[PDB]
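Quick notes on the structure that follows.
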There are 2 protein chains.
Amino acid sequence: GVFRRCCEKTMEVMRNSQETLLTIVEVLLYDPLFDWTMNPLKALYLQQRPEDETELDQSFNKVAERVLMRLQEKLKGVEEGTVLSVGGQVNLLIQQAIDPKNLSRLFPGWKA
Amino acid sequence: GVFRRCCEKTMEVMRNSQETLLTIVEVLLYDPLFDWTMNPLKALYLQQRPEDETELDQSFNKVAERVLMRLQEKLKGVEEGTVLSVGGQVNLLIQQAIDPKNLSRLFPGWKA
């Protein structure tokens, strides 16, 4: 009714200004104090607590360019190579949400 | 008059069958007798003759995947990241032909 229409309405507000929203990530990722890369401790310190409850460098620039290309291909396109305009992209997004086959592969602490 | 309209008419015949024309390159590039990669001798044996007239491996698979992505992005898209549908793609193609600034950077034996 309203969710998908609002999504397809708010998804085209950045397609007319594609050359603007991507300029923030490129200037926030070239900072020296960046901590967005996966560290051996930062990727486990926030996930060992549910495990305990259950059991009672040029590589950085490479990953930066990779995620930049990923966020560039996320909008106005898809990883399948097709166009997938606002008429189908929001449907793909909302179908990747309500899917029990994928929800069974999620983290147990995600949803009770 | 006729050239650009014929180009924009013949360029959309493969956009409806994008999943077909790319299947020939992938099956003709995985042959053992391939000789499309730039060899130190094959890239100069066909160019040393004009010079004489003037003077009176995983890398192969990597380049194959690279040129595959290049030919995948050539149609229904452009390297600039924009869409560039048939209405502008043929105009961008014919603009790289009639351009003296670029023709001055061409090979002398290309055009007399």
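Ligands are numbered from 1 in the order shown, chains are lettered A, B, ... in the order of the structure tokens, and residues start at 1 in each chain.
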>> Which residues are close to region 80-96 of chain B, i.e. within 8 Å by only C-alpha atoms, leaving aside same-chain residues fewer than 5 positions away? Reply as a PyMOL selection string.
In response: chain B and resi 4+7-8+11-12+102
Chain A in the frame of chain B after Cα least-squares fit, as a compact mmCIF listing (two decimals) with N, CA, C and O atoms, in the first residue's frame:
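For reference, result36.txt as written:
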# COMPACT_ATOMS: atom_id res chain seq x y z
N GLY A 1 21.72 12.48 -41.22
CA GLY A 1 20.55 12.03 -41.95
C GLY A 1 20.22 10.56 -41.77
O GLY A 1 19.20 10.22 -41.17
N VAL A 2 21.07 9.68 -42.29
CA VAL A 2 20.80 8.25 -42.29
C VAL A 2 21.76 7.47 -41.40
O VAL A 2 21.34 6.47 -40.79
N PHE A 3 23.02 7.89 -41.29
CA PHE A 3 24.02 7.11 -40.57
C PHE A 3 23.64 6.93 -39.11
O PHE A 3 23.59 5.80 -38.60
N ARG A 4 23.37 8.03 -38.41
CA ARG A 4 23.10 7.94 -36.97
C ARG A 4 21.78 7.24 -36.70
O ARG A 4 21.66 6.52 -35.70
N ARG A 5 20.78 7.43 -37.56
CA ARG A 5 19.51 6.75 -37.35
C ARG A 5 19.64 5.25 -37.56
O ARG A 5 19.11 4.46 -36.77
N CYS A 6 20.35 4.83 -38.61
CA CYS A 6 20.63 3.41 -38.79
C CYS A 6 21.43 2.84 -37.63
O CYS A 6 21.18 1.71 -37.21
N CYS A 7 22.38 3.61 -37.09
CA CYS A 7 23.17 3.14 -35.96
C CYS A 7 22.30 2.95 -34.72
O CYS A 7 22.38 1.92 -34.05
N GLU A 8 21.46 3.94 -34.40
CA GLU A 8 20.59 3.80 -33.23
C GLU A 8 19.50 2.76 -33.44
O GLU A 8 18.95 2.25 -32.46
N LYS A 9 19.19 2.42 -34.70
CA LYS A 9 18.23 1.35 -34.95
C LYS A 9 18.89 -0.02 -34.80
O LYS A 9 18.27 -0.95 -34.26
N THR A 10 20.12 -0.17 -35.26
CA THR A 10 20.82 -1.45 -35.19
C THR A 10 21.52 -1.68 -33.85
O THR A 10 22.00 -2.79 -33.61
N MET A 11 21.59 -0.66 -33.00
CA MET A 11 22.21 -0.83 -31.69
C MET A 11 21.26 -1.45 -30.67
O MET A 11 21.72 -2.07 -29.70
N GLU A 12 19.95 -1.30 -30.86
CA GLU A 12 18.97 -1.84 -29.93
C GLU A 12 18.57 -3.28 -30.27
O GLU A 12 17.79 -3.88 -29.52
N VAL A 13 19.08 -3.84 -31.37
CA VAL A 13 18.73 -5.20 -31.73
C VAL A 13 19.41 -6.22 -30.82
O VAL A 13 18.93 -7.35 -30.68
N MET A 14 20.52 -5.84 -30.18
CA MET A 14 21.20 -6.72 -29.24
C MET A 14 20.90 -6.38 -27.78
O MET A 14 21.27 -7.16 -26.90
N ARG A 15 20.25 -5.25 -27.52
CA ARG A 15 19.87 -4.92 -26.14
C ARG A 15 18.70 -5.76 -25.66
O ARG A 15 18.57 -6.00 -24.46
N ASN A 16 17.84 -6.21 -26.58
CA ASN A 16 16.76 -7.12 -26.22
C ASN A 16 17.26 -8.55 -26.02
O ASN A 16 16.57 -9.35 -25.38
N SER A 17 18.43 -8.87 -26.54
CA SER A 17 19.04 -10.20 -26.43
C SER A 17 20.45 -10.08 -25.88
O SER A 17 21.41 -10.65 -26.42
N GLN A 18 20.61 -9.32 -24.79
CA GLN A 18 21.93 -9.12 -24.20
C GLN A 18 22.52 -10.42 -23.69
O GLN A 18 23.74 -10.60 -23.70
N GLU A 19 21.67 -11.34 -23.24
CA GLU A 19 22.14 -12.62 -22.71
C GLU A 19 22.52 -13.62 -23.80
O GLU A 19 22.70 -14.80 -23.48
N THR A 20 22.64 -13.21 -25.06
CA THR A 20 22.97 -14.11 -26.16
C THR A 20 24.28 -13.77 -26.85
O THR A 20 25.10 -14.66 -27.09
N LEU A 21 24.51 -12.49 -27.17
CA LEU A 21 25.68 -12.13 -27.95
C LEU A 21 26.96 -12.23 -27.13
O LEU A 21 28.05 -12.41 -27.70
N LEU A 22 26.87 -12.11 -25.80
CA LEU A 22 28.06 -12.22 -24.97
C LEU A 22 28.51 -13.66 -24.77
O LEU A 22 29.64 -13.89 -24.33
N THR A 23 27.65 -14.63 -25.08
CA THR A 23 27.98 -16.04 -24.89
C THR A 23 28.95 -16.57 -25.94
O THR A 23 29.50 -17.66 -25.75
N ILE A 24 29.17 -15.83 -27.03
CA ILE A 24 30.11 -16.29 -28.05
C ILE A 24 31.54 -15.96 -27.65
O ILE A 24 32.46 -16.76 -27.86
N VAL A 25 31.76 -14.78 -27.07
CA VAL A 25 33.11 -14.38 -26.68
C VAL A 25 33.64 -15.28 -25.58
O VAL A 25 34.81 -15.68 -25.59
N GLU A 26 32.79 -15.62 -24.60
CA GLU A 26 33.24 -16.44 -23.48
C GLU A 26 33.59 -17.85 -23.92
O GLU A 26 34.43 -18.51 -23.28
N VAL A 27 32.99 -18.35 -25.00
CA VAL A 27 33.31 -19.68 -25.49
C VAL A 27 34.41 -19.67 -26.55
O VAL A 27 35.02 -20.71 -26.81
N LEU A 28 34.68 -18.52 -27.16
CA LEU A 28 35.81 -18.42 -28.09
C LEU A 28 37.09 -17.97 -27.42
O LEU A 28 38.16 -18.05 -28.04
N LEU A 29 37.03 -17.48 -26.18
CA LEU A 29 38.22 -17.06 -25.46
C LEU A 29 38.81 -18.14 -24.57
O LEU A 29 39.96 -18.00 -24.13
N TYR A 30 38.07 -19.21 -24.29
CA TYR A 30 38.55 -20.29 -23.45
C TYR A 30 39.17 -21.44 -24.25
O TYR A 30 39.25 -22.56 -23.75
N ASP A 31 39.60 -21.17 -25.49
CA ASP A 31 40.25 -22.15 -26.34
C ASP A 31 41.75 -22.18 -26.08
O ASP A 31 42.34 -21.16 -25.69
N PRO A 32 42.41 -23.33 -26.29
CA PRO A 32 43.84 -23.42 -25.98
C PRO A 32 44.72 -22.70 -27.00
O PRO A 32 45.80 -22.22 -26.65
N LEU A 33 44.26 -22.63 -28.25
CA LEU A 33 45.03 -22.01 -29.32
C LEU A 33 44.82 -20.50 -29.40
O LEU A 33 45.09 -19.90 -30.45
N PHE A 34 44.37 -19.88 -28.31
CA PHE A 34 44.10 -18.45 -28.33
C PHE A 34 45.39 -17.66 -28.57
O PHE A 34 46.44 -17.98 -28.02
N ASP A 35 45.28 -16.62 -29.40
CA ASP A 35 46.41 -15.74 -29.68
C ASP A 35 45.97 -14.28 -29.68
O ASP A 35 46.49 -13.47 -30.46
N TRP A 36 45.02 -13.93 -28.82
CA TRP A 36 44.50 -12.57 -28.75
C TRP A 36 45.26 -11.69 -27.77
O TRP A 36 45.18 -10.46 -27.88
N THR A 37 45.99 -12.28 -26.83
CA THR A 37 46.76 -11.49 -25.88
C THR A 37 47.94 -10.81 -26.58
O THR A 37 48.43 -11.27 -27.62
N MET A 38 48.38 -9.70 -26.00
CA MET A 38 49.47 -8.91 -26.58
C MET A 38 50.79 -9.62 -26.31
O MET A 38 51.24 -9.71 -25.17
N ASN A 39 51.41 -10.12 -27.37
CA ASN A 39 52.74 -10.71 -27.30
C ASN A 39 53.80 -9.68 -27.68
O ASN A 39 53.52 -8.75 -28.45
N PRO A 40 55.01 -9.80 -27.14
CA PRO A 40 56.07 -8.84 -27.49
C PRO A 40 56.42 -8.83 -28.97
O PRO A 40 56.99 -7.85 -29.45
N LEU A 41 56.09 -9.89 -29.71
CA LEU A 41 56.40 -9.95 -31.14
C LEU A 41 55.17 -9.68 -32.00
O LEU A 41 55.29 -9.06 -33.06
N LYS A 42 53.99 -10.13 -31.57
CA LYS A 42 52.79 -9.94 -32.38
C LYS A 42 52.31 -8.50 -32.37
O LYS A 42 51.60 -8.09 -33.30
N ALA A 43 52.66 -7.73 -31.35
CA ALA A 43 52.27 -6.32 -31.27
C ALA A 43 53.23 -5.40 -32.02
O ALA A 43 52.95 -4.20 -32.12
N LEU A 44 54.33 -5.93 -32.54
CA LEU A 44 55.32 -5.12 -33.25
C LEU A 44 55.60 -5.61 -34.66
O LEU A 44 56.11 -4.82 -35.47
N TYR A 45 55.31 -6.87 -34.98
CA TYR A 45 55.58 -7.36 -36.33
C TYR A 45 54.66 -6.72 -37.36
O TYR A 45 55.02 -6.61 -38.54
N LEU A 46 53.47 -6.30 -36.95
CA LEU A 46 52.52 -5.63 -37.83
C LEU A 46 52.63 -4.11 -37.78
O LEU A 46 51.87 -3.43 -38.47
N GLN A 47 53.56 -3.57 -36.99
CA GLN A 47 53.76 -2.13 -36.91
C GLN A 47 55.18 -1.69 -37.25
O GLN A 47 55.40 -0.49 -37.42
N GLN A 48 56.13 -2.61 -37.35
CA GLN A 48 57.49 -2.24 -37.71
C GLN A 48 57.64 -1.90 -39.19
O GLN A 48 58.59 -1.21 -39.56
N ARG A 49 56.72 -2.37 -40.04
CA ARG A 49 56.81 -2.05 -41.46
C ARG A 49 56.57 -0.56 -41.72
O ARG A 49 57.35 0.04 -42.49
N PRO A 50 55.55 0.09 -41.16
CA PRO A 50 55.47 1.55 -41.31
C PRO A 50 56.64 2.28 -40.69
O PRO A 50 57.06 3.31 -41.21
N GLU A 51 57.19 1.76 -39.59
CA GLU A 51 58.39 2.36 -39.01
C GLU A 51 59.58 2.26 -39.95
O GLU A 51 60.36 3.21 -40.08
N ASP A 52 59.72 1.12 -40.63
CA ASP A 52 60.80 0.97 -41.60
C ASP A 52 60.58 1.86 -42.82
O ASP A 52 61.55 2.38 -43.38
N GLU A 53 59.33 2.04 -43.24
CA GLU A 53 59.05 2.96 -44.34
C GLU A 53 59.34 4.40 -43.95
O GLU A 53 59.79 5.20 -44.78
N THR A 54 59.08 4.76 -42.69
CA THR A 54 59.39 6.10 -42.22
C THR A 54 60.90 6.32 -42.13
O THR A 54 61.41 7.36 -42.57
N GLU A 55 61.63 5.35 -41.58
CA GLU A 55 63.07 5.44 -41.45
C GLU A 55 63.81 4.99 -42.71
O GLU A 55 65.03 4.79 -42.66
N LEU A 56 63.09 4.83 -43.82
CA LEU A 56 63.64 4.38 -45.11
C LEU A 56 64.68 3.27 -44.98
O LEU A 56 64.37 2.16 -44.54
N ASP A 57 49.06 -19.23 -17.86
CA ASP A 57 49.28 -18.07 -17.00
C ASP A 57 47.96 -17.46 -16.55
O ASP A 57 47.01 -17.35 -17.34
N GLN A 58 47.89 -17.06 -15.28
CA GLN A 58 46.68 -16.44 -14.75
C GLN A 58 46.48 -15.03 -15.27
O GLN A 58 45.35 -14.53 -15.24
N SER A 59 47.54 -14.37 -15.75
CA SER A 59 47.39 -13.04 -16.32
C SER A 59 46.51 -13.07 -17.56
O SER A 59 45.76 -12.12 -17.82
N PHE A 60 46.59 -14.15 -18.34
CA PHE A 60 45.73 -14.27 -19.52
C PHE A 60 44.26 -14.34 -19.12
O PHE A 60 43.41 -13.68 -19.74
N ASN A 61 43.94 -15.13 -18.09
CA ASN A 61 42.56 -15.20 -17.62
C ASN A 61 42.11 -13.87 -17.02
O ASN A 61 40.94 -13.48 -17.17
N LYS A 62 43.02 -13.17 -16.35
CA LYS A 62 42.68 -11.86 -15.81
C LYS A 62 42.34 -10.87 -16.92
O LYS A 62 41.34 -10.16 -16.84
N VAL A 63 43.16 -10.83 -17.97
CA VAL A 63 42.88 -9.95 -19.10
C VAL A 63 41.61 -10.38 -19.82
O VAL A 63 40.85 -9.54 -20.33
N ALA A 64 41.33 -11.69 -19.86
CA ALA A 64 40.10 -12.17 -20.47
C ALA A 64 38.88 -11.67 -19.71
O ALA A 64 37.92 -11.16 -20.31
N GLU A 65 38.89 -11.80 -18.38
CA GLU A 65 37.79 -11.28 -17.58
C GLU A 65 37.69 -9.76 -17.70
O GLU A 65 36.58 -9.21 -17.71
N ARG A 66 38.83 -9.07 -17.80
CA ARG A 66 38.81 -7.62 -17.93
C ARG A 66 38.16 -7.18 -19.23
O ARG A 66 37.31 -6.29 -19.25
N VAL A 67 38.54 -7.82 -20.35
CA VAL A 67 37.94 -7.45 -21.63
C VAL A 67 36.49 -7.92 -21.69
O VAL A 67 35.67 -7.31 -22.39
N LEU A 68 36.13 -8.98 -20.96
CA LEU A 68 34.73 -9.38 -20.88
C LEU A 68 33.90 -8.31 -20.19
O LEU A 68 32.83 -7.93 -20.67
N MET A 69 34.39 -7.81 -19.05
CA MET A 69 33.71 -6.70 -18.39
C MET A 69 33.68 -5.45 -19.27
O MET A 69 32.70 -4.70 -19.25
N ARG A 70 34.74 -5.23 -20.05
CA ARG A 70 34.78 -4.06 -20.93
C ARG A 70 33.71 -4.15 -22.01
O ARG A 70 32.99 -3.18 -22.26
N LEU A 71 33.59 -5.31 -22.66
CA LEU A 71 32.55 -5.48 -23.67
C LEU A 71 31.16 -5.53 -23.05
O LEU A 71 30.18 -5.22 -23.74
N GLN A 72 31.05 -5.92 -21.78
CA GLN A 72 29.76 -5.88 -21.10
C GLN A 72 29.34 -4.45 -20.78
O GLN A 72 28.14 -4.13 -20.80
N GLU A 73 30.30 -3.58 -20.47
CA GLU A 73 30.00 -2.18 -20.17
C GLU A 73 29.95 -1.30 -21.41
O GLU A 73 29.43 -0.19 -21.34
N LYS A 74 30.48 -1.78 -22.54
CA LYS A 74 30.42 -0.99 -23.77
C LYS A 74 28.98 -0.79 -24.24
O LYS A 74 28.60 0.33 -24.59
N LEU A 75 28.19 -1.85 -24.27
CA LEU A 75 26.79 -1.76 -24.65
C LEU A 75 25.92 -1.48 -23.43
O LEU A 75 26.30 -1.77 -22.29
N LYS A 76 24.76 -0.87 -23.68
CA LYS A 76 23.78 -0.48 -22.66
C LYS A 76 24.41 0.32 -21.52
O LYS A 76 23.83 0.43 -20.43
N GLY A 77 25.57 0.92 -21.76
CA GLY A 77 26.25 1.68 -20.73
C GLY A 77 27.50 2.31 -21.29
O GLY A 77 27.86 2.12 -22.46
N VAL A 78 28.18 3.07 -20.43
CA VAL A 78 29.41 3.76 -20.80
C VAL A 78 30.35 3.75 -19.60
O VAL A 78 29.94 3.52 -18.46
N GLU A 79 31.64 3.99 -19.88
CA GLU A 79 32.65 4.01 -18.83
C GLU A 79 32.52 5.19 -17.89
O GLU A 79 33.18 5.21 -16.84
N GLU A 80 31.69 6.18 -18.22
CA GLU A 80 31.48 7.33 -17.34
C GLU A 80 30.55 7.02 -16.18
O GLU A 80 30.47 7.83 -15.24
N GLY A 81 29.86 5.89 -16.21
CA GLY A 81 28.94 5.51 -15.16
C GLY A 81 27.49 5.83 -15.45
O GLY A 81 26.60 5.29 -14.77
N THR A 82 27.22 6.70 -16.42
CA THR A 82 25.85 7.05 -16.76
C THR A 82 25.20 5.93 -17.57
O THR A 82 25.82 4.93 -17.92
N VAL A 83 23.91 6.11 -17.87
CA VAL A 83 23.18 5.12 -18.66
C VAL A 83 23.58 5.22 -20.13
O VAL A 83 24.07 4.25 -20.72
N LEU A 84 23.37 6.39 -20.73
CA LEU A 84 23.74 6.65 -22.12
C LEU A 84 23.08 5.65 -23.07
O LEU A 84 23.73 4.80 -23.68
N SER A 85 21.76 5.76 -23.17
CA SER A 85 20.97 4.86 -24.00
C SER A 85 21.27 5.12 -25.48
O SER A 85 22.10 5.95 -25.85
N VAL A 86 20.55 4.38 -26.35
CA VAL A 86 20.78 4.46 -27.79
C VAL A 86 20.64 5.88 -28.32
O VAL A 86 21.15 6.20 -29.40
N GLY A 87 19.96 6.75 -27.58
CA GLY A 87 19.82 8.13 -28.00
C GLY A 87 21.09 8.95 -27.90
O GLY A 87 21.20 9.99 -28.56
N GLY A 88 22.05 8.51 -27.09
CA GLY A 88 23.29 9.25 -26.92
C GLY A 88 24.54 8.43 -27.21
O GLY A 88 25.61 8.99 -27.48
N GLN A 89 24.42 7.10 -27.14
CA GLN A 89 25.58 6.25 -27.35
C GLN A 89 26.08 6.32 -28.78
O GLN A 89 27.29 6.43 -29.02
N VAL A 90 25.17 6.26 -29.76
CA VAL A 90 25.58 6.39 -31.15
C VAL A 90 26.14 7.77 -31.45
O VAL A 90 27.07 7.90 -32.26
N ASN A 91 25.63 8.81 -30.79
CA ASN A 91 26.20 10.14 -30.95
C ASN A 91 27.61 10.22 -30.39
O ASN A 91 28.49 10.81 -31.03
N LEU A 92 27.85 9.63 -29.22
CA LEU A 92 29.20 9.56 -28.69
C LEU A 92 30.13 8.78 -29.62
O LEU A 92 31.28 9.18 -29.82
N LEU A 93 29.64 7.68 -30.20
CA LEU A 93 30.46 6.89 -31.10
C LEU A 93 30.83 7.68 -32.36
O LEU A 93 31.99 7.68 -32.78
N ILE A 94 29.85 8.35 -32.97
CA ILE A 94 30.14 9.13 -34.18
C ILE A 94 30.92 10.40 -33.88
O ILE A 94 31.56 10.94 -34.79
N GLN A 95 30.89 10.89 -32.65
CA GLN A 95 31.71 12.04 -32.29
C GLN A 95 33.14 11.63 -31.97
O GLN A 95 34.07 12.43 -32.15
N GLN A 96 33.35 10.40 -31.49
CA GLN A 96 34.70 9.88 -31.34
C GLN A 96 35.35 9.53 -32.67
O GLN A 96 36.53 9.17 -32.69
N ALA A 97 34.61 9.64 -33.78
CA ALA A 97 35.15 9.35 -35.11
C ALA A 97 35.65 10.61 -35.80
O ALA A 97 36.82 10.69 -36.19
N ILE A 98 34.78 11.59 -35.97
CA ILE A 98 35.12 12.85 -36.64
C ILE A 98 35.56 13.82 -35.55
O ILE A 98 34.76 14.51 -34.93
N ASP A 99 36.87 13.84 -35.29
CA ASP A 99 37.46 14.73 -34.30
C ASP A 99 38.93 14.95 -34.65
O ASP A 99 39.77 14.09 -34.37
N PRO A 100 39.28 16.09 -35.26
CA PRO A 100 40.67 16.30 -35.68
C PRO A 100 41.66 16.30 -34.53
O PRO A 100 42.82 15.89 -34.71
N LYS A 101 41.24 16.75 -33.34
CA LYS A 101 42.14 16.75 -32.19
C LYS A 101 42.59 15.34 -31.84
O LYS A 101 43.74 15.14 -31.41
N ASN A 102 41.72 14.35 -32.01
CA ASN A 102 42.09 12.96 -31.78
C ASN A 102 42.72 12.31 -33.01
O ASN A 102 43.57 11.43 -32.87
N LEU A 103 42.32 12.74 -34.21
CA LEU A 103 42.93 12.21 -35.42
C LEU A 103 44.39 12.60 -35.53
O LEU A 103 45.19 11.88 -36.14
N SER A 104 44.77 13.75 -34.95
CA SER A 104 46.18 14.13 -34.92
C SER A 104 47.00 13.21 -34.02
O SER A 104 48.23 13.17 -34.16
N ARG A 105 46.35 12.49 -33.11
CA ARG A 105 47.02 11.54 -32.23
C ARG A 105 46.98 10.11 -32.76
O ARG A 105 47.33 9.18 -32.03
N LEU A 106 46.55 9.92 -34.00
CA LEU A 106 46.43 8.59 -34.58
C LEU A 106 47.74 8.17 -35.24
O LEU A 106 48.71 8.93 -35.30
N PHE A 107 47.76 6.95 -35.75
CA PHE A 107 48.94 6.44 -36.43
C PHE A 107 49.05 7.08 -37.81
O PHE A 107 48.03 7.30 -38.48
N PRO A 108 50.26 7.39 -38.27
CA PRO A 108 50.39 8.02 -39.60
C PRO A 108 49.92 7.12 -40.74
O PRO A 108 49.34 7.61 -41.71
N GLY A 109 50.16 5.81 -40.64
CA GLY A 109 49.70 4.88 -41.66
C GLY A 109 48.21 4.62 -41.64
O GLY A 109 47.71 3.92 -42.53
N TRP A 110 47.49 5.15 -40.65
CA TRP A 110 46.04 4.96 -40.59
C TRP A 110 45.36 5.69 -41.74
O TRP A 110 44.60 5.08 -42.51
N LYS A 111 45.61 6.99 -41.88
CA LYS A 111 45.01 7.81 -42.92
C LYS A 111 46.10 8.60 -43.62
O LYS A 111 46.93 9.23 -42.96
N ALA A 112 46.09 8.57 -44.95
CA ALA A 112 47.08 9.30 -45.73
C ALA A 112 46.78 10.80 -45.73
O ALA A 112 45.69 11.22 -45.35
> Residues of chain B in alpha helix (DSSP H) according to DSSP, as number ranges by chain?
Replying inline: B: 3-11, 18-28, 48-54, 58-74, 86-95, 100-103
